[PDB]
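Only one structure is covered here, and it is reproduced in the block below.
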Amino acid sequence: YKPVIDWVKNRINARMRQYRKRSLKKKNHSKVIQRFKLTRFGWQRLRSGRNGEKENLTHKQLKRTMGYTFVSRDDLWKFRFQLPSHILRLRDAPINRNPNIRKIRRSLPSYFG
Amino acid sequence: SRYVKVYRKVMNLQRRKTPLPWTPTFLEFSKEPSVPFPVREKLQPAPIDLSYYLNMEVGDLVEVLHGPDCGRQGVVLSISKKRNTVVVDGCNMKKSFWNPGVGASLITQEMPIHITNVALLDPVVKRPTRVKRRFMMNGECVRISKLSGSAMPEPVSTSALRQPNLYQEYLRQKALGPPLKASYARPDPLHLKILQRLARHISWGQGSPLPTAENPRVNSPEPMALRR
Amino acid sequence: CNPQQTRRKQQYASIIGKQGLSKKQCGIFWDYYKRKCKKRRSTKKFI
Amino acid sequence: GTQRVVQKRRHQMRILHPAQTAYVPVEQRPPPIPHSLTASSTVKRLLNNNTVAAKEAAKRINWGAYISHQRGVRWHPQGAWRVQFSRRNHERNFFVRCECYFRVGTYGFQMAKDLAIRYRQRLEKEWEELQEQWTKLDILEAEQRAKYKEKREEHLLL
Amino acid sequence: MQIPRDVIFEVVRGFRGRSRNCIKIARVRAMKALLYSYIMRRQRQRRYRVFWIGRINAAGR
RNA sequence: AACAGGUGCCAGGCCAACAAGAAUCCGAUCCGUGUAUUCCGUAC
RNA sequence: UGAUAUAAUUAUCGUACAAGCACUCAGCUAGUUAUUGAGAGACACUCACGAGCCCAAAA
RNA sequence: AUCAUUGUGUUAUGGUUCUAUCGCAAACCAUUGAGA
RNA sequence: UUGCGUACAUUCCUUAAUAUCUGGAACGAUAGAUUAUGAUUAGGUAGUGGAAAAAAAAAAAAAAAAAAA
RNA sequence: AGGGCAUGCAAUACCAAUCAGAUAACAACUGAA
RNA sequence: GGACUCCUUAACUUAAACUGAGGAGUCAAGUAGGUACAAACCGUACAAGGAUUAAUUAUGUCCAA
RNA sequence: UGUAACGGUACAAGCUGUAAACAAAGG
RNA sequence: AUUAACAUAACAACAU
RNA sequence: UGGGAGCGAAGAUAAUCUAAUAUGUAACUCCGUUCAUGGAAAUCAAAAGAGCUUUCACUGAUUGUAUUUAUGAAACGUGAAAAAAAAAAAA
RNA sequence: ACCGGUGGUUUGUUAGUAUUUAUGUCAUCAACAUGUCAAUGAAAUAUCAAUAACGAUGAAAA
RNA sequence: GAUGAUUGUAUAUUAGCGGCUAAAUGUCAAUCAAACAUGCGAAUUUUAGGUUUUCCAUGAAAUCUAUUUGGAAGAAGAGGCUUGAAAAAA
RNA sequence: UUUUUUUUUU
RNA sequence: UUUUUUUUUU
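Chains as they are written, first to last, in the deposited numbering: chain LN, 240 to 352; chain LS, 2 to 229; chain UH, 234 to 280; chain UG, 254 to 411; chain LB, 1 to 61.
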């Protein structure tokens, strides 16, 4: 008595596995994207209390509540996985420590180098 | 289910006769290597020629056991040993095609049948039986049936069973291509001969000018000089 | 993943760098040594 | 497929852009300020501080004294003149790397400069000469080789 | 891992039974053997300075 | 890939009914298809 | 003979130490994978073309 | 370089895993035989 | 009153620095031979980063190299 | 393939509603494959 | 959602190595030295590496030293 | 078709089927 | 025929 | 055989629980695979037009069902492979 | 271009391999026991001679 | 106990979503408040074990909101890191 | 077939 | 304009 392996079966299943594996696609949330807006400037959303009681509120507060506000940077991480399709590339200010470009350089006779 | 597609795809490979022909082009590579080969088992019983053992000869009378032709008698036309198959007249007709010749627009042809699906009829009894060979003192071979114990009749002559194969003719015609144009089909030997004559002057002329009415002459061919 | 592989490698290395070794001499490494020699002989082949 | 939107900034109804300058052709470009000067703290703070006192001090500071019109001679934040002369030779197996320093506290600001200049000038010539000798050496070697080959052939003829 | 295997055997040369041959035991043994020398080579100085001071005082007296 | 088999171990020119060197030098015992050089057959 | 020295490993605030495994050796044994992803102020390599880049399956 | 002697060093013997094929198409290519 | 013992020198000799700022934006260059009074340095759990190795297999680049033979 | 080739694998299925056995007089008698 | 000590302080039997707060050091993640014997105290120009060298520190100077 | 039992062979993981390792010469 | 653990033997030592 | 027909639960996810996914998945019975399955319009489209059936790519993880967890080779349309209305009143 | 006969390639030098049976349980059921068809040697058609020793063949032995 | 709810025997019936039970959770192939065998139905774990070569650079926390807030830091967010410097003669 | 396509311009 | 398919004669 010896153990005989099912090469036919094993190879058949492995080919299927590989084929399936290398055929995948992205997935995005529905509810999430149903409550967000993408713009050139950044993500957009609504303010809470819109549908709530607004009796004890001034005009200034009402106006702001009726408005929109950008999504905080702390929450962007979620989107990475939630909304792979939709990607927002942040663009911060330049960071250059070159003394040559500084205003001080103008008073100097020449440039450092 | 979300696995049918892949399943089928995988299965197809089995039937696939990999590798397949592939013509080359400019800056192009083949993909045949990337095609997995089919899976097969080696250890299996060796083949056998059932035709030889059953004492079944071309032109013999047989009857269909199963299939659409539950009871139908015929004459064996062809036997294939490697496939273990036989061809019986007036039975199992499924292969249809366009008429390659004179007649109707459609013609059918008989298809091969497994040897196992047929049996030899008894001479007198007219029932499926077995046949055994017996050798005489003189070396004469006689085929004797089991049921009746009687001698079998001789086979039909091949000249009578010879028939044309129109399926092959249709395949040969298809291999060439679509039908030719009427205009193009028309012969023109008068101008074809002039073109053929000009072809030799162009090829074996060595750049020599063609003959003219005022100068009907042409430079002779030059031989291959040896390296002294 | 063991002392055994070090012994096999040391043994191998001690015989690889030689010529005119017999089958009885090479031992388990006979195939390897033959492939090495045939590989080496490739440079001497001209059109 | 997928969309990749870039972020933008708004200011006074205008799209903010990074600083950019045009090209100003110049007939002759003056020498730059050595970078080594920045390695100290007095200038480092000056540069790192954007203030009127700094800008005024900058004006007063004489930048022209540290400029050296001689290759191989540079200023060091240690308060010295560094002399650099690096060369390699694998053929002759000779590698040289000068790291001479001329301190100010020993000689002076101008004296050191002068001395360094002189030293580099000297080294140049020295190198030149050495190369010129190596060529003749090579030639000689060649000649000896040829004579040895002829002598070897003599024995075969004998 | 701390020490090569090839060197442990060398270092454990001359020790008692099972400790000159056992990788397991040898490890722990060798570690301490090297540690002690490591530690003592730094303190070797004051132990000789005190001896020199004592001999000088003896002589002087 | 001359892995086509064998001949004492790695053979295009040796056995294998059809082409082609008992080729020369080197070799611890020790045959040795092995190193160096060279010739030839091939629509194999 | 003189001087000197508290097996190793993990957890833990704690060398925690009288807690857990191991007599020794030989063989096997625990971070595998982008035809589908990527630079997001706790760290993100490199090649080609350029307002233009890639080209899917047949072949 | 502490064997005082029951230790250590070298070497040798013993123990010690175990691989010599009895095989290689149903696919493709080339060639040949009778009859259309 | 005047004393003395004591832990730690990068004085000497040999190495190392990868999140944009150590001179170095220097020199050299046919693919870098390691700076002699050179400044800061180099204890480390968790986490993070750089670099050198692991005797094997494949590739149709294992003889234009002194002397000797 | 000249010749020969005990025995066992429960076999009217080269045909024919179903339900035990050498495959069942009606009815009793029922059913997702 | 921390172990010892310094100052202030809540609770407790002005008790306990408890329970919980405000702000400094050490350990955690620190070596060797001193405190007789086992992290927390003093000192350190505090452990890349090697050798037979010089120094005001906690602190010592009858013997073990 | 594929296999199990008994017998023979040299009692055997082979071969074989009481004709149980062969008829080769039909005038 | 064959590594280690393991088993036995021979030689080597004197400031004791 | 992850093919087709009958019947068909649970471990698991939702950090317990209902729906839901797993999955019409596993076990049981039957058909036995290109000589198969399928099929030559009372269809789709909307104001143009395509013209039996079948395979691949893109449209597109778009629309839709769900939500506390997922699932989804959707329809029209484009490219490409293979191309098939009927032999026929009898002798 | 079917059909018969001959040869070669790929699958496959890169991948692999199973048929006999001792032992457990009432049964279902589970299971890789024990180097090779094998003294050794390329060759046994080289294993000679015999009483101790020296002798024979073999690259190597009693 | 032994003239009686005596003992003993061939071949038989009740099958786990169960049967047996003069009623103990006693028994059904010598640890049954729910038996044993098989499973491409390819088993789940806020607990807990293990996690394999060197050298170098840099270098933590035991704090906060929320989770009907826990305890042996579970999950999510915030906070905490490479900023600077430190080389000189009338 | 997918992606991108200045907000400046005497 | 900067290209290209070989049998005549089973």
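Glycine included, C-beta positions come from ideal geometry on N, C-alpha and C.
Pair within 8 Å by beta-carbon distance, LS/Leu62 and LS/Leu148: no
Please return the same chain residues whose Cβ sits closer than 7 Å to the Cβ of LS/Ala152, not counting the five positions on each side in sequence. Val143, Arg144 and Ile145
Whose Cβ in chain LS lies nearer than 8 Å to the Cβ of LN/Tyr258? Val7, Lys10 and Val11
Would you identify the three-state DSSP class for UG/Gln323, choosing helix, strand or coil? coil
Through-space distance from UH/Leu254 to UH/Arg240, alpha-carbon basis: 20 Å
Using 8 Å as the threshold, is the segment 99–109 of chain LS in touch with the segment 39–55 of chain LS, meaning 3 or more CB pairs across them? no
When you compare the CB of UG/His288 with every CB in chain LN, is at least one pair closer than 8 Å? yes
Return helix, strand or coil for LB/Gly60, following the three-state DSSP convention. helix
Exposed or buried, which one is LS/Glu170 when buried takes at least 16 other CB atoms within 10 Å? exposed
Considering UH/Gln244, what are the terminal residues of the alpha helix (DSSP H) in which it resides? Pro236 to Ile249
Does the Cβ-Cβ distance between LN/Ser324 and UG/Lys308 come in under 8 Å? no
Sort LN/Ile343, LN/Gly306 and LN/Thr278 by Cα distance to LN/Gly288 and report the nearest one. LN/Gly306
Rounded to whole angstroms, what's the CA-CA distance from UG/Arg375 to UG/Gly325? Just pull it up for me. 12 Å
On the premise that LS/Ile114 lies in contact with LS/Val76, defined as a C-beta separation below 8 Å, what is that separation, rounded to the nearest angstrom? At roughly 13 Å, the Cβ-Cβ gap does not stay under 8 Å, so LS/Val76 and LS/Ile114 are not in contact.
Taking LN/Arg341 and UG/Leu300 to be in contact with their CB atoms under 8 Å, please state how far apart those CB atoms are, rounded to whole angstroms. 7 Å
So with Cβ pairs under 8 Å, would you call LN/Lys342 a contact of chain UG? yes
Taking 8 Å as the CB-CB limit, is LN/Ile326 close to chain UG? yes
Selection of the segment 252–278 of chain LN by Cβ proximity to chain LS, strictly under 7 Å: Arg254, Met255, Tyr258 and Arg259
Starting from the C-beta of LS/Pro37, find all residues in its chain whose C-beta is less than 7 Å away, skip the five residues before and the five after it, and write them out in chain order. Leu14
In three-state terms, what does DSSP make of LB/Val11? helix
Is the shortest distance between the beta-carbon of LS/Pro165 and the beta-carbons of chain LN less than 8 Å? no
Could you give the DSSP three-state label for LB/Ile23: helix, strand or coil? helix
So which residues of chain LN does LS/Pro37 contact, with C-beta pairs closer than 9 Å? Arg250 and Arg254
Member of LS/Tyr168, LS/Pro46 and LS/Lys182 whose CA lies at the smallest distance from the CA of LS/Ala176: LS/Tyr168
Please list the residues of the segment 270–282 of chain UG that have a C-beta atom closer than 7 Å to any C-beta atom in chain LN, keeping them in chain order. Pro271
How far does the alpha helix (DSSP H) with UG/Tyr372 in it reach, from first residue to last? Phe362 to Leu410
Are LB/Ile8 and LB/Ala30 closer than 8 Å when you measure CB to CB? yes
Within the 8 Å Cβ cut-off, does LN/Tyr350 reach chain UG? yes
What three-state label does DSSP hand LS/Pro217 in the structure shown? coil
Beta strand (DSSP E) runs contained entirely in the segment 106–187 of chain LS, provided each spans 3 or more residues: 107–111, 119–122, 132–136 and 142–146
Restricting to runs no shorter than 4 residues, where is the alpha helix (DSSP H) found entirely within the segment 281–345 of chain UG? 295–301 and 305–313
Assign LN/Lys260 to one of three DSSP states: helix, strand, or coil. helix
Is UG/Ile268 helix, strand or coil by DSSP? strand
Along chain LN, which residues have their Cβ under 8 Å away from the Cβ of UG/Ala311? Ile343, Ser346 and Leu347
Proximity test, Cβ basis, 8 Å: LN/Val247 and chain LS: yes
Does the structure place the segment 13–30 of chain LS close enough to the segment 327–336 of chain UG that three or more beta carbon pairs sit under 8 Å? no
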